Amino acid sequence: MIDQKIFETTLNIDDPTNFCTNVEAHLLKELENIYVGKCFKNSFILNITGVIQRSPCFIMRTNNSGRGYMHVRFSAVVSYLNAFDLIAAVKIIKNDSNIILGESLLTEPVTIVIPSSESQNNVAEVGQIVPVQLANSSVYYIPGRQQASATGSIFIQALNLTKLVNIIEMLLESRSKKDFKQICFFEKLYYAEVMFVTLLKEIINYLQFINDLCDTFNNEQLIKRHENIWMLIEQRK
Amino acid sequence: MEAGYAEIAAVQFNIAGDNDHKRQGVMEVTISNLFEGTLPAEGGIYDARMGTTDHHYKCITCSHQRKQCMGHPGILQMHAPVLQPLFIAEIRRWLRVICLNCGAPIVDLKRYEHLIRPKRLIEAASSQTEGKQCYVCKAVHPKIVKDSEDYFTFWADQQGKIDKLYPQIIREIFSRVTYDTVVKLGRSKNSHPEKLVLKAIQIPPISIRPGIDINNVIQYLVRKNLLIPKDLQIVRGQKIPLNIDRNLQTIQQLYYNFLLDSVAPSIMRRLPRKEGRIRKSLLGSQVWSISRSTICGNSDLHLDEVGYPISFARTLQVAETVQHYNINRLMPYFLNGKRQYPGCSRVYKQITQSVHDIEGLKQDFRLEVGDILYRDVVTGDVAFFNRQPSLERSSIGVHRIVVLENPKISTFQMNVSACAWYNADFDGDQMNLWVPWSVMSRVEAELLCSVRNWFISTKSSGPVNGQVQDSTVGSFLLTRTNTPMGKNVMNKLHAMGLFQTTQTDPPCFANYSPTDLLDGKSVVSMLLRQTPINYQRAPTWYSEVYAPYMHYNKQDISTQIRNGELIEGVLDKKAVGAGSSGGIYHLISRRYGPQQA
Amino acid sequence: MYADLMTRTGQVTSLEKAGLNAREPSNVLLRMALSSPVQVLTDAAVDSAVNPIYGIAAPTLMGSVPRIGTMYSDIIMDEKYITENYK
Amino acid sequence: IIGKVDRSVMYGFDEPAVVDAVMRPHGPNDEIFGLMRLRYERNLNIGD
Amino acid sequence: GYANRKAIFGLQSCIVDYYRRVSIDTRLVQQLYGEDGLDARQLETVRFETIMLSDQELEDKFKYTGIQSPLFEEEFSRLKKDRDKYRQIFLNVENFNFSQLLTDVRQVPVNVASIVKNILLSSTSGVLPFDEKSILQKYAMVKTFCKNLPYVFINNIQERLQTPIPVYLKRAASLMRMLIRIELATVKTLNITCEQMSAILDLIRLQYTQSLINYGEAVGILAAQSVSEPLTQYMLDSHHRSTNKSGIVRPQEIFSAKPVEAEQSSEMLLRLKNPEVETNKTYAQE
Amino acid sequence: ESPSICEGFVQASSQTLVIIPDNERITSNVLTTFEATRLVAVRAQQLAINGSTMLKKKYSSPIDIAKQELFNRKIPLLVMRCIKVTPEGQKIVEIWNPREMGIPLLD
Amino acid sequence: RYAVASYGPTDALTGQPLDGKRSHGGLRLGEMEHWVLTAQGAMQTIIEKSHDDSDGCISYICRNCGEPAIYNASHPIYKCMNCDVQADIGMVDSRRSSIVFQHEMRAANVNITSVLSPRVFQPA
Ligand SMILES: [Mg+2]
Ligand SMILES: [Zn+2]
Ligand SMILES: [Zn+2]
Ligand SMILES: [Zn+2]
């Protein structure tokens with residue numbers, strides 16, 4: 001999921017003379033350099049939107065460095081993962097990693113780990129792509145890390161809700177735009193306010209799952225390459 | 001990520017509970033062995049996760065090379081709880097107030113609604129409160145007494161029968177206290193008595209106990225903790241075996257002596273007194289780039305100048321940052337190195353973020369823009385000059401450096417009239433001198449702490465400086481009307497020679513033939529014309545005590561200056577003396593600024 | 001200044017530790033620096049005292065530098081001036 | 001001076017000194033130690 | 001050292017704020033630093049001429065009779081009022097002190113007499129020809145300057161906008177106003193032309209502005225230091241002193257707020273009533 | 001109970017900078033020696049780290065250049081003076097201009 | 001007579017220079033010198049002498065709980081032990097003696113939390 005979020009942070013300016021020549025561009029460049037692709041305050045910050053509020057460039061009072069800090073309050077688009085969400089692709093890295101984990105190439109860098117207690121585990125190999133469902137133990141958005149950490153497993157007021165139902169409507173257009181034979185095959189394989197919210201969340205999870213499943217497998221040869229999972233799910237009817 | 005700049009606005013002191021330690025400590029101490037081989041034992045009291053006392057290894061936790069690592073706390077889960085040694089009195093006061101059987105207070109709380117929060121609990125504890133009965137469980141209240149042999153032991157006596165109040169029982173009693181009782185008794189939420197009993201003490205970061213003394217007590221504490229069984233569930237009246245009693249007493253005394261021994265030096269002994277942490281390390285400090293020497297007089301130095309021996313001017317350095325404007329001026333400093341004066345022995349290349357000695361840079365020959373060079377202190381630099389004790393505001397002032405290139409001179413040389421700032425004399429006094437090397441401190445020193453600022457005393461609003469001793473009597477001799485040999489006059493050559501060492505622009509003697517007898521006061525008026533003032537007072541020379549005897553020349557008993565032309569009288573302590581309010585230097589300061597004074 | 005300091009609270013408060021408690025009770029760090037740091041530290045801990053950072057001793061004991069003198073007034077960069085003139 | 005193996009000691013002072021002493025005495029513990037003495041030629045300097 | 005450290009830690013938190021008030025954190029200690037807002041290094045002692053003059057002597061010297069305008073009656077009445085106010089306040093100060101006598105010399109930021117003397121010395125013209133228009137203009141500008149004098153404590157912007165001045169700011173500049181009225185009286189500025197008088201007024205304003213205390217100055221430490229040293233000489237003088245004032249005992253009583261019982265050298269000075277019956281020693285003795 | 005953090009509202013609410021209008025400021029329009037010294041020091045350090053200047057006369061030390069920029073009214077800094085800390089999270093400052101304001105002695 | 005450069009032995013505990021000329025580093029600005037410098041309103045010489053030419057260090061305070069933090073920009077660790085996920089580590093200039101002091105007090109189970117000055121934003 002993606003959603004813009006406002007972040008408050010304090011910068012540091014090692015040359016305030018050059019900084020204030022193009023203050024807004026410099027602020028955008030520094031926030032992009034520091035804050036993209038890293039978790040912060042239970043978020044991931046995919047992209048930096050223009051700042052909302054910024055401070056005058058003060059001068060560091062307590063040290064003779066002559067530098068300045070400036071406080072920045074900016075908005076940024078983040079990626080968050082809720083409970084039992086459905087991400088369609090994980091990529092394994094190491095075979096000496098018998099705990100079984102991998103890396104995700106989606107637009108949500110997450111180190112995904114799968115417990116070795118289930119039947120469909122310990123059978124995969126390095127370099128294969130397998131859909132994984134997040135567990136109930138939430139996601140660790142630890143800061144300063146270039147990718148998030150999470151655990152997962154192989155899958156087996158009226159106008160306020162208008163905004164929620166608005167998101168699903170556009171997501172449907174994403175499904176129709178792309179090729180539909182892969183979507184049909186995958187769907188064959190997998191065939192007041194609070195309850196409305198949770199139902200809408202489940203609908204979002206499943207529809208985003210099918211769309212990302214279609215997207216993940218760009219060409220058809222990987223499907224035969226990863227055919228060992230089709231039987232793995234088919235035996236689980 | 002990037003840690004943005006911030007400043008501390010307030011500090012909140014709270015009692016740290018067991019959860020505080022458990023979530024604040026980086027690890028848990030389980031094994032008593034200090035070192036394996038020549039490296040810390042993992043899980044020991046010297047574990048590198050808590051800090052570094054050696055340059056060899058990093059902190060693991062923060063990955064910093066000692067000087068950049070501040071230490072991180074460690075956690076030791078006690079097999080049996082311990083009372084907080086700091087808050088023994090608070091524990092006692094809480095016990096007597098509250099019923100030991102249900103957690104409800106037995107003192108009338110409604111009577112304290114009109115009192116300030118700090119006073120409520122102490123006032124309630126001051127009451128009799130003994131032999132009372134509870135209003136919800138009807139349990140009578142035992143009276144609490146303190147043992148006369150140790151500080152942390154509580155004896156609960158119920159009409160004569162004596163039982164020791166153990167830390168487990170005390171902890172349960174405090175865990176029975178409701179938040180309403182704590183709030184209504186003038187204590188914040190964070191001061192709940194439950195926090196006063198520790199099951200997991202904090203092993204301090206090794207950064208505050210470096211070098212392998214107080215670690216002995218820590219290791220002893222861990223060893224004696226291992227001796228206690230891990231499940232010492234002591235209820236009241238259990239009568240645990242006597243060996244367990246002495247072991248628990250030893251653990252409690254060890255923790256108490258770790259915190260407040262003699263208050264080995266414990267943690268709390270480090271704080272108070274002059275040599276303590278506060279009054280020595282915090283309110284004062286030891287510094288680098290500072291020199292101390294014996295002061296001595298130098299009549300040929302300006303009042304705002306100090307004679308810095310050259311041997312010191314090569315030791316202390318001034319950091320000059322290389323830019324486009326100062327490349328050509330800084331080049332002769334760089335070329336000299338340590339071989340000549342002025343030279344420099346350091347270079348901080350920003351691109352490499354490294355500092356190079358100047359005798360290892362025979363092939364560099366290049367200073368980039370943004371490079372920092374540490375050049376020697378040359379004549380004209382500003383320097384702080386301090387004599388201790390620093391009682392007055394003028395005890396620290398900035399003098400322009402005069403480098404004495406005589407290698408046989410090692411004393412700090414100052415003008416005699418500059419002693420009034422520091423209340424100094426040359427009987428063997430020593431004054432610390434340090435040269436500001438940063439740009440910010442140099443600017444501040446020349447613009448704010450220059451001794452011209454302290455020419456007018458902040459204490460008494462009069463001038464501090466003036467002529468002392470030989471200058472006062474010399475001015476008197478110069479301006480007196482009659483020498484014993486006759487009238488006080490000098491030829492052109494000697495009047496010309498009076499102005500040799502003044503260093504100002506000498507006056508014009510072309511109007512005087514070589515045989516013209518210039519008066520004693522004419523030459524003074526020649527100098528005072530540059531800063532004309534008006535002054536009219538009786539001199540110190542004219543005193544009524546001496547008056548009945550001696551013949552007082554009428555031209556000497558009234559000093560009178562009109563527009564800087566000395567008309568009559570003599571100059572003595574009242575006119576030119578130091579500390580004289582209304583003196584000529586005070587007027588010069590008032591009209592032309594203290595620098596001209 | 002001496003007289004106005006003692007009489008600022010409507011009562012003559014001494015220069016001793018009692019007077020400092022009366023005038024500045026919340027400045028725990030200042031009273032710690034004055035005398036008996038362990039006792040006033042215990043009192044601050046049990047009272048859950050918050051000590052705002054001001055004056056001389058309070059920021060000195062915290063390792064910072066006091067906001068007096070040269071650094072009483074903050075300095076900011078004139079973005080308009082740099083934008084209009086420096087480039 | 002007195003290079004010892006590294007646990008050797010340096011001079012330390014900023015005033016050069018002329019050495020006239022080389023002995024190896026037998027201390028209380030019967031062990032040998034250094035005990036080198038240095039001489040300073042002091043004229044009446046400015047500030048004495 | 002003991003007394004100085006105690007005093008320093010008592011006073012160190014007193015810092016001059018942006019209003020030139022001395023404040024602890026945010027709580028006031030003083031409405032104005034020295035009650036005048038002036039740095040101790042920028043004070044000069046100058047005599048106030050009108051203080052000791054009798055009413056006819058005051059009229060002889062300071063009353064201007066060269067023009068029959070009532071403006072000069074108003075100016076002389078202002079001079080008389082200032083003299084009376086000074087006498088009243090300092091007679092009261094003398095009253096509640098043991099031996100603090102009234103003096104007409106006071107410490108001020110600007111020595112107006114010296115500035116007038118300098119301008120008159122540098123003046124090209126000698127005895128200026130009589131000109132009523134210039135005299136009235138000079139009086140008007142002196143009066144306007146004195147009215148706008150409390151604005152040196154705020155800024156030029158609030159002077160242009162003529163915004164209200166707080167009462168304590170008006171009171172702070174009362175002494176300088178009185179000195180300026182005394183020294184720039186029309187009877188004393190006859191030879192000073194309008195351009196030279198405006199020069200004098202701007203010079204006075206500049207020296208007043210340069211004499212004010214700085215924002216952020218650590219005045220508490222200044223006071224502690226300034227009072228600590230005189231104690232050293234005070235007790236060294238105890239061997240002339242004997243009513244137990246020896247040592248720091250009296251400073252201990254003052255600084256530690258010792259109660260009346262703790263005093264060792266307590267005294268009272270009681271004035272006899274009926275000021276015509278106290279001139280004789282016998283009745284006082286009885 | 002609790003580790004002094006869970007109930008700890010330690011994060012102070014962000015403040016909004018309120019700048020007093022130019023006709024409402026009631027602080028001195030003449031730089032205090034502390035403020036002038038701080039301006040000169042900040043400017044001189046910034047010239048040391050950067051080197052740019054607006055001066056015509058070229059000097060060989062950043063201290064001189066910053067001092068002349070203050071004297072010749074081209075120093076690119078603004079002295080902001082803060083007088084409040086309101087409980088409503090509203091920091092009240094008045095931003096002064098060292099170019100317009102008077103300059104103390106400093107000499 | 002004594003003169004010291006910017007390098008020398010530093011105290012193991014506080015990080016301050018050693019005592020006197022004999023220990024090859026030191027000389028002291030005691031309480032009185034700090035009082036005098038403050039009375040002059042120095043606060044840039046006090047910064048230089050007390051921090052740059054003494055035990056100068058850069059503390060880190062989480063600003064989300066006020067407890068000291070674990071920060072290192074070279075080996076990336078942006079974490080706190082009290083709120084880990086929600087850390088907002090702030091760079092605070094300080095002195096090593098102050099941190100050692102705060103650790104002594106914390107080891108006495110009196111917890112120290114630094115509020116940190118709040119961020120100030122000019123209006124949109
Ligand atoms: Mg002496
Ligand atoms: Zn560390
Ligand atoms: Zn009960
Ligand atoms: Zn935190």
# chains A, B, ... in the order shown; residues from 1 in each chain; ligands from 1
>>> interface_residues(of="chain F", to="chain C", cutoff="12 Å", atoms="only C-alpha atoms", output="ChimeraX atom specification")
/F:4,8,10,27,31-43,46,51-55,73-83,85,93-99
>>> residues_around(residues="residue E:154", least_positions_apart="2", cutoff="8 Å", atoms="only C-alpha atoms", output="PyMOL selection string")
(chain E and resi 150-152+156+158) or (chain F and resi 26-29)
>>> select_by_dssp(residues="stretch 288-510 of chain B", states="alpha helix (DSSP H)", output="PyMOL selection string")
chain B and resi 310-315+327-336+419-422+439-447+470-479+492-498
>>> residues_near_ligand(ligand="ligand 4", cutoff="8 Å", atoms="only C-alpha atoms and all ligand atoms", output="PyMOL selection string")
chain G and resi 61-69+79-84+86-89
>>> residues_around(residues="stretch 470-478 of chain B", least_positions_apart="4", cutoff="8 Å", atoms="only C-alpha atoms", output="ChimeraX atom specification")
/B:483,488,520-521,570-573,576-577
>>> write_last_selection(atoms="C-alpha atoms", output="PDB file, in the first residue's frame")
ATOM      1  CA  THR B 483      63.886  71.523  40.394  1.00  0.00           C
ATOM      2  CA  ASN B 488      62.254  72.829  35.471  1.00  0.00           C
ATOM      3  CA  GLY B 520      58.228  70.840  32.111  1.00  0.00           C
ATOM      4  CA  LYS B 521      54.521  71.369  31.449  1.00  0.00           C
ATOM      5  CA  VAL B 570      51.760  69.001  38.967  1.00  0.00           C
ATOM      6  CA  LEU B 571      50.639  65.532  37.938  1.00  0.00           C
ATOM      7  CA  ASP B 572      50.485  63.012  40.784  1.00  0.00           C
ATOM      8  CA  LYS B 573      48.221  60.243  42.076  1.00  0.00           C
ATOM      9  CA  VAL B 576      47.467  60.422  36.694  1.00  0.00           C
ATOM     10  CA  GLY B 577      47.313  57.796  39.420  1.00  0.00           C
TER      11      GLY B 577
END
>>> interface_residues(of="chain E", to="chain F", cutoff="12 Å", atoms="only C-alpha atoms", output="ChimeraX atom specification")
/E:17-21,25-27,39,151-166,206-218
>>> write_last_selection(atoms="C-alpha atoms", output="CSV table (one decimal), in the first residue's frame")
chain,number,residue,atom,x,y,z
E,17,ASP,CA,16.4,40.2,28.9
E,18,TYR,CA,15.3,42.0,25.7
E,19,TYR,CA,13.3,44.5,27.8
E,20,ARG,CA,16.5,45.3,29.8
E,21,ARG,CA,14.7,43.7,32.8
E,25,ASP,CA,14.3,32.2,33.5
E,26,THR,CA,11.1,34.2,32.9
E,27,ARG,CA,10.4,35.5,36.4
E,39,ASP,CA,26.0,49.7,32.1
E,151,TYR,CA,12.5,56.3,23.6
E,152,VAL,CA,16.2,55.5,23.8
E,153,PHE,CA,15.0,52.5,25.8
E,154,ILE,CA,12.9,51.2,23.0
E,155,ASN,CA,13.9,52.2,19.5
E,156,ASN,CA,13.5,54.8,16.7
E,157,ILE,CA,10.5,53.0,15.3
E,158,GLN,CA,8.3,53.4,18.4
E,159,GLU,CA,9.6,57.0,18.4
E,160,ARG,CA,8.3,57.7,14.9
E,161,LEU,CA,5.1,55.9,15.7
E,162,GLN,CA,4.9,57.8,19.0
E,163,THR,CA,3.5,54.7,20.7
E,164,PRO,CA,2.9,55.0,24.5
E,165,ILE,CA,5.9,54.7,26.8
E,166,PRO,CA,5.6,52.5,29.9
E,206,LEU,CA,24.0,58.7,20.8
E,207,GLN,CA,25.9,58.7,24.1
E,208,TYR,CA,22.7,57.6,25.9
E,209,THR,CA,22.2,54.8,23.4
E,210,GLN,CA,25.8,53.7,23.8
E,211,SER,CA,25.5,53.6,27.6
E,212,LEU,CA,22.6,51.2,27.9
E,213,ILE,CA,23.0,47.6,29.2
E,214,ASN,CA,23.3,44.8,26.6
E,215,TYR,CA,20.7,42.2,26.1
E,216,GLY,CA,21.9,38.9,27.5
E,217,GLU,CA,24.5,40.5,29.8
E,218,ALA,CA,25.0,38.2,32.9
>>> interface_residues(of="chain G", to="chain F", cutoff="8 Å", atoms="only C-alpha atoms", output="JSON, numbers by chain")
{"G": [41, 63, 64, 65, 66, 82, 111, 113, 114, 115, 116, 117, 118, 119, 120, 121, 122, 123]}
